[PDB]
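**Student:** Provided hereafter are the protein sequence and its experimental coordinates.
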Amino acid sequence: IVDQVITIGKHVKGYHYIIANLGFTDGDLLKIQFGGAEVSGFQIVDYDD
Amino acid sequence: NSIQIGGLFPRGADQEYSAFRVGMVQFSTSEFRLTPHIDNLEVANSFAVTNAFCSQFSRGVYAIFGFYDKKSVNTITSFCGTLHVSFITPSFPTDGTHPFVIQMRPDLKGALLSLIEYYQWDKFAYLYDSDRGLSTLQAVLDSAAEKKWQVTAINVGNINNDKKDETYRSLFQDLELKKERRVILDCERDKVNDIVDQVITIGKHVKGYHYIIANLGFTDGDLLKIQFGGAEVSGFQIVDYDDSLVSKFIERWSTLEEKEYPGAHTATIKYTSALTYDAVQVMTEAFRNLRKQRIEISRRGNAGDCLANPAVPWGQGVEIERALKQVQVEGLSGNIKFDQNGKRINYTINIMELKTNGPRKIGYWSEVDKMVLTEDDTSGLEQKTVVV
Amino acid sequence: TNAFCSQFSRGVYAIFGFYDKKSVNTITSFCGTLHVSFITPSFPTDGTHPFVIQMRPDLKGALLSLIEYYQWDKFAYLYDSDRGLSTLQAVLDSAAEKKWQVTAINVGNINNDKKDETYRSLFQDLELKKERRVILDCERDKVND
Ligand SMILES: *[C@@H]1O[C@H](CO)[C@@H](O[C@@H]2O[C@H](CO)[C@@H](O[C@@H]3O[C@H](CO)[C@@H](O)[C@H](O[C@@H]4O[C@H](CO)[C@@H](O)[C@H](O)[C@@H]4O)[C@@H]3O)[C@H](O)[C@H]2NC(C)=O)[C@H](O)[C@H]1NC(C)=O
């Protein structure tokens, strides 16, 4: 989905995505990271512990 | 009849050489055979190019086919002019009138300026690469004075590639001060993909932006990425895949073994490679028009050292030039014709636009007719005025 | 190329001369390969070419500084391609950052056996925007013209 989103260009400022899983950093975000659209999610594995 | 010629191929020109080989086969006749002496050197290095030239000259060649860079171009044009040696090249056209040089690449400068006026642009960004000379840069800058344009020229060439990201972010930061939405990419097939990729990342490929790929290979690069983005993309295509001539070439090209012919198992071909193939045809028709004209030019491999002083030009070279320049056949890059200098004339460059279904020719550009649109659309859409 | 190889066969320890925007690459290349030192008053090389001593300091810096001093935002830049577009790229690149409206015009390729209807058509474009601030980047000769 993220790949398709970037292709159609719906990853720019104005869009807001929420990844409904416990692995937010488990996927590749470097792609929709500089797009502009805000992306939120959930992380269960705190790498700060 | 064995005609020895030189071949200067820059390391990495796989498809170009593959196309060079296919040409040798397709245009091989019993009347005479061409003997290519291939030399793979760093085209950029002026010194190396000098040796490769004098080496092929001592071997006693009748003509030389190769490439040059913005740095080594002066070496070639100079030596070939002094030693009366003919040099055929698909590389960018020389900025001037240099004799004994045959250029396969047509001048895009004209087609570009015409396209700008078509879209009626008054303020646009011009990202250029100093690799093919600032010949086109000067073109748009000089025209910016007459046509009154606000051009934002930016050298996207000297960007160091081992950290080239904080540079692109700072690049489109300046292209946002004036809210630039219309960009012209004057780069190679490679530097274009890099920019296109960055454009998609920052999301500047959506509706509202308009890009123009300033090269003769619009379909040579990957467009599937910025195809569904929304931003309109235009460019230029020299290899018309709609010609039965080119269509037949691909039928055999796409099937060739990629093992023996590197990067040759595709349905498309880089314009640089296509010109290489057309170059072989020009050299064949040229040496053929000399046999039928009863002109003796033959010699041996004892032309001597090129640095010979005083340097004496062999008169047989003057005829070889008048032959190549007189050639006029049909190739992948449309009608091939030349003037007294070597610059191509009476050619056609198709103007391309990228739609949802893919690239589509919206017209062509003639050196004598400028831009001419081909009505391949269903116009009159939502224009029917209400009768009150 | 001959003059270089000739002086090289004569066995010299160093070479002093000049180069043009066309022959510059020949010198920088040979002198780098043959480890021969080349001293020249000509324009500085656009890069880092070893075995080359350049007497002429880089003006690119001094020019850009002067522009800011007079606080210029819109000016015409008449250049000559003889000494390379090194300074042209300088003002163009800085025009992006400092936000300038530069009107670059190649006053070099002007054929001299009829160069009058060209100058009249030159200052005709420099009047559309009423340009009153011009930068002449040319040789001592092209400047007097
Ligand atoms: C500038 O560039 C133009 C575009 O390439 C070019 O136009 C071509 O001109 C040639 C010569 O007239 C055209 O060749 C003819 O096409 C027709 C129709 O398909 C053929 O019937 C004809 O066959 C001929 O058959 C004759 C039989 O008697 C024979 O005598 C002839 O030798 C020949 O074989 C030709 O094939 C060609 O189609 C044109 N190209 C285009 C428009 O696609 C111009 O010539 C050129 N201008 C100049 C002055 O050079």
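**Tutor:** Perfect, thanks for sending it. Numbering: from 1, shown residues only, chains lettered A, B, ... in the order given.
**Student:** mind listing what residue A:21 touches?
**Tutor:** A:41, A:42 (C-beta atoms under 8 Å, 6 or more residues apart in numbering or on different chains). (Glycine included, C-beta is placed from N, CA and C.)
**Student:** which helix or which strand is home to it?
**Tutor:** Under the criterion DSSP states H and E, no helix or strand holds residue A:21.
**Student:** repeat that for residue A:5.
**Tutor:** Assigned by DSSP H and E, residue A:5 falls in helix A:2-8.
**Student:** in that helix, what's buried?
**Tutor:** Along helix A:2-8, these residues count as buried under the neighbour rule (16 or more other C-beta atoms under 10 Å in any protein chain shown): A:2, A:5, A:6, A:7.
**Student:** for the residues you listed, give me JSON lines that also has distance to chain B.
**Tutor:** Shown next, in JSON lines, are the buried residues of helix A:2-8 (distance: C-beta to the nearest C-beta, whole Å):
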{"residue": "A:2", "distance to chain B": "13"}
{"residue": "A:5", "distance to chain B": "10"}
{"residue": "A:6", "distance to chain B": "6"}
{"residue": "A:7", "distance to chain B": "5"}
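**Student:** for the residue nearest to the spatial centre of chain A, helix, strand, or coil?
**Tutor:** Chain A has residue A:39 as the residue nearest its centroid, 4.5 Å off, counting by C-alpha atoms, centre = their mean. For residue A:39, the secondary-structure state derived from DSSP: H, G, I helix; E, B strand; the rest coil is strand.
**Student:** wait, isn't it in contact with residue A:19?
**Tutor:** Yes: contact criterion C-beta atoms under 8 Å: residue A:39 and residue A:19 qualify, at 7.0 Å.
**Student:** count the neighbours of the nearest residue to residue A:15 once chain neighbours are set aside for me.
**Tutor:** Distances taken as C-beta to C-beta, 6 or more residues apart in numbering or on different chains put residue A:37 closest to residue A:15, at 3.7 Å, once the chain neighbours are dropped. Neighbour count of residue A:37, defined by other C-beta atoms under 10 Å in any protein chain shown: 18.
**Student:** check contacts around residue A:37.
**Tutor:** Contact analysis of residue A:37 by C-beta under 8 Å, 6+ apart lists A:5, A:10, A:11, A:12, A:13, A:14, A:15, A:16, A:17, B:203.
**Student:** need phi/psi at the nearest residue in space to the second one that is not next to it in sequence.
**Tutor:** Spelled out, it's residue A:10. Using C-beta to C-beta, 6+ apart and skipping residues adjacent in sequence, the residue nearest residue A:10 is residue A:37, 7.4 Å away. Torsion angles at residue A:37 (phi, psi; degrees, to the nearest 10) stand at phi -70, psi 130.
**Student:** check residue A:12 too.
**Tutor:** Dihedral angles (degrees, to the nearest 10) for residue A:12: phi -90, psi 180.
**Student:** so it bridges to which residues?
**Tutor:** Taking DSSP bridges as the rule, residue A:12 bridges to residue A:36.
**Student:** is it true that it touches residue A:34?
**Tutor:** No: Residue A:12 lies out of contact with residue A:34 (C-beta under 8 Å); the separation is 10.2 Å.
**Student:** of the two, which one has the most company?
**Tutor:** A count of neighbours by other C-beta under 10 Å puts residue A:12 above the other of residue A:12 and residue A:34, at 19 against 15.
**Student:** ok, that one - contacts?
**Tutor:** Listed by C-beta under 8 Å, 6+ apart, the contact set of residue A:12 reads A:35, A:36, A:37, B:203, B:206.
**Student:** which residues does the nearest residue to residue A:40 once chain neighbours are set aside contact?
**Tutor:** Closest residue to residue A:40 apart from its sequence neighbours, by C-beta to C-beta, 6+ apart: residue A:18 at 5.0 Å. By C-beta under 8 Å, 6+ apart, residue A:18 lies in contact with A:39, A:40, A:41.
**Student:** is residue A:18 located within a helix, as I assumed?
**Tutor:** No: with three-state DSSP as the criterion, residue A:18 is strand rather than part of a helix.
**Student:** show me which residues of chain A are close to chain B?
**Tutor:** Proximity of chain A to chain B is confined to A:6, A:7, A:8, A:9, A:11, A:12, A:13, A:31, A:34, A:35, A:36, A:37 under the rule C-beta under 8 Å from any C-beta of the partner chain.
**Student:** re earlier: need the residues touching each of residue A:39 and residue A:19.
**Tutor:** Common neighbours of residue A:39 and residue A:19 are not found (criterion: C-beta under 8 Å, 6+ apart).
**Student:** closest residue of chain A to chain C?
**Tutor:** For chain A, the residue closest to chain C is residue A:34, as judged by C-beta to the nearest C-beta, at 20.9 Å.
**Student:** look up the closest residue to that residue, ignoring the ones flanking it.
**Tutor:** residue B:201 (5.1 Å).
**Student:** burial measure for residue A:43, as a count.
**Tutor:** Neighbour count for residue A:43, taken as other C-beta under 10 Å: 14.
**Student:** wait, it touches residue A:24, no?
**Tutor:** Yes: Residue A:43 lies in contact with residue A:24 (C-beta under 8 Å); the separation is 4.7 Å.
**Student:** farthest-separated two in the contacts of residue A:12?
**Tutor:** Spanning the widest gap among these are A:37 and B:206, at 11.2 Å by C-beta to C-beta.
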